[PDB]
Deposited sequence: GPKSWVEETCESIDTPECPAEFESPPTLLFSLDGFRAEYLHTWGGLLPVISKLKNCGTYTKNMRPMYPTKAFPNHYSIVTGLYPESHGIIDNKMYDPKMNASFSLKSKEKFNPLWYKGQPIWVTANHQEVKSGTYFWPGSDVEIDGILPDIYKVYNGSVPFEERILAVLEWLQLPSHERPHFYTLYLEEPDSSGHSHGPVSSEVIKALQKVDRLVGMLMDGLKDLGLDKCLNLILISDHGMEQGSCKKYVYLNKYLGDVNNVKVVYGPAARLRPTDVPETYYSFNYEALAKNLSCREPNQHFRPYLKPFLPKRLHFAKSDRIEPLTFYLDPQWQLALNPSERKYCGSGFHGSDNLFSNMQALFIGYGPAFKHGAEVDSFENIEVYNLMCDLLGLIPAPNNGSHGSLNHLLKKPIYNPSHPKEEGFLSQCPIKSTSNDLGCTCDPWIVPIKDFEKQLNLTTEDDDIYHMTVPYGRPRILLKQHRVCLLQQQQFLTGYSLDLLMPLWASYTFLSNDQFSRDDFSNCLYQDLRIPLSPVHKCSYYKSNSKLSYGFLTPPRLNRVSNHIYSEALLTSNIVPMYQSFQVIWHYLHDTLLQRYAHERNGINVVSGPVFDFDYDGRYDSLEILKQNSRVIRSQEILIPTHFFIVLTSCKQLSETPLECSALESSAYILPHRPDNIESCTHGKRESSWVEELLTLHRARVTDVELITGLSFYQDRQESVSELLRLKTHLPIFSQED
């Protein structure tokens, strides 16, 4: 009898032959196996269906951007974003190397491309052997290390021979046998490209790899290993149907230029042809602006790379061109029709939250649960998991160690909340009152005399913790919100408040009206007079003064100088619509929301909060005062899973996070032709982010006082919703 015909039985303990002290881990990639293939054609794939039903499965493993083979395979084995591990696409130009990378060039074997630490190198350093039958990077000497057994990539090797070789490796004596293995097949990616994802050729390709996995499982059973091996069946990305009618050609807007090179496809990038001499002097911004808002409902958008949504984490590599393009589902871009492959084939590379880009993940073996279906997770999380399976300490990476513990029968690593590394103080009322130059309207109720339940109301999940190392913060308590105030930057790092479903906003105006918070040092850029007619810059509020839960008028404590941030007039359009219109609707839909908002400073576009050194280099002198202008603003919205519960009494949390670019115009949204502001909601959706994304870029940590385990909270904070096509 074959493995697939046996009944599914629980493997609570590894059932291993005498020559095996612990089960190995095998990482098995089916290139271009989009998650939906199993959703729809599972009945035709008996082998992979048994792995899913007898193992641990997610409907969608989220890939990394761009959704191509080399970035994503190397992300899986490093736990790193492509921008950090250096393999940002299958084809790259490095201006400092003055060298081009591609899959059919000898540069593919040059170790200088491959950063980070792949799991076989991690294993080597910790006395664990590896055998790789193809995997990007595995035929390259990385950190002076090669897998104990490896194969130089050769796509012509029959799939059966690859599986048989691994099965022979598993028969090696213990002192030479690897503990970690890889297998890689080019299908169903090959048929998806040549014939499209919805084709009889892809179905044949899916049946072929299903029989090949069965061949693997049958071999393990013959060796007595089918209950002594942790299998991770995975893919690098999904597949989409391209069209010649959904292809953007830049020469429509630029003319038939030849001084630029465009990496064609859905995640296209642009650089001058005269490199490296002009790689940094080229006027990318002028080119980006010439390509912006040219068509109604334009299906491509130019982005200078720091302006891409942070959730993509696609900017901190010199191999990522300063100009990139973001493409709608099914759409691709090239310089002209001669600079691209066939426009009607299957393709991938698009936004890693598009449903058809989602990837496969099944875990099967002693370590994995039986019949468990788990929420989506990113493939950068798998490196830590394989480390736990192999008894390895992981190298530093972007996965959140412990966030996949719910996949395992018995979690290996027990995660902790990060320590608060800030310096916390109390801010005393010890500021001499000064004229702010404000002209408050008569209906603004002043703060004439400045001199537990409220705390829980404003931070019902616990206050955000300051991860910023040695940063000086004091907590400012108000009746309706809590502020984490930076004494080093003289502006608030976050404000937290709860917006109940029946709470009303005030209609009154409050222009050019502030009250000096006598608990903080007075700065010239705290005053109304500084921003008066300041064409360069205005100010905005973290907590909305119109929200007043007790009284009918403007909430005067929200007018404190500790509650304002520098803010462009252009961004005020977004911020005002968010708070005057969207938040009220979200609170109706969610039965209230808790809100935390604040500034972000990521001037070096690495997705992490900036050092003091970096902030000093990016300060601006405006109206004879040094001022630090945020690069983004964050907002985190939290409510209950059960709609009968208000945010102060959640049995379980629902979280939405956003990292909004703080730009001095709204060219990103193409608003010249618009007479209503719903485009603000589209901008929010595009720039949604994991809670963990916000934590990394602000040095803050949320929800630490909740009773859920740390791993459960990591699951909440790493989640990101998929755009359903």
* Asked: Which ranges of the deposited chain go unmodelled, in order along the sequence?
  -> 1 to 2, 454 to 462, 737 to 738
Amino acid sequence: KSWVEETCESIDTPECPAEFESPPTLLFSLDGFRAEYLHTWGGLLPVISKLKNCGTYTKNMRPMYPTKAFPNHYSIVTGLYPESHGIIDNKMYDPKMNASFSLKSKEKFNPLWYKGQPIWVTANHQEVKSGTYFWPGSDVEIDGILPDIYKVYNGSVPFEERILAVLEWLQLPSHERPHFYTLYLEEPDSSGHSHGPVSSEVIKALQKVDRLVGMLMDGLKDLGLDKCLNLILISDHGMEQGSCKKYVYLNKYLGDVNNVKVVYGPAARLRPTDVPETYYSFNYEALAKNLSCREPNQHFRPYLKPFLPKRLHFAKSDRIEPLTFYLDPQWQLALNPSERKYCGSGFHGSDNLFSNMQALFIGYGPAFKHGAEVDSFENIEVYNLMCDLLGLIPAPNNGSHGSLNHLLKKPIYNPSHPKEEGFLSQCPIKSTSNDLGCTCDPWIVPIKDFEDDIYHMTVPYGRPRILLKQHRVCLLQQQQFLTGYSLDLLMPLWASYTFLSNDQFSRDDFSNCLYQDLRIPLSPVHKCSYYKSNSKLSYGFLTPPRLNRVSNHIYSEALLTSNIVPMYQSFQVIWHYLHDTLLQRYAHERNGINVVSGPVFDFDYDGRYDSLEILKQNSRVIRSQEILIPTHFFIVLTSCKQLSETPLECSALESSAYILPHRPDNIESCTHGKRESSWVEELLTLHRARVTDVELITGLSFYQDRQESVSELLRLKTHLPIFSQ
From here on, numbers count along this sequence of modelled residues.
* Comparing 130 to 138 with 527 to 535, the one whose average Cα B-factor in the PDB entry is higher -> 527 to 535
* To do: Read off the CA B-factors in the entry, average them over 667 to 675 and over 680 to 688, and name the higher stretch.
  => 667 to 675
* To do: Would you mind finding, among 397, 644, 336, 356, the residue with the largest C-alpha temperature factor in the entry?
  => 644
* Asked: Between 342, 303, 264, 113, which carries the biggest CA temperature factor in the record?
  -> 342
* **residue 59 - Cα temperature factor, lowest/middle/highest third of chain** => middle
* Mind checking which third residue 29 falls in for C-alpha B-factor across the chain? -> middle
* Structure fact -> residue 38: CA B-factor among chain residues, third -> middle
* **Third of the chain, ranked by Cα B-factor, where residue 709 sits** => middle
* To do: Name the third of the chain's ranked CA B-factors that contains residue 107, choosing lowest, middle or highest.
  => middle
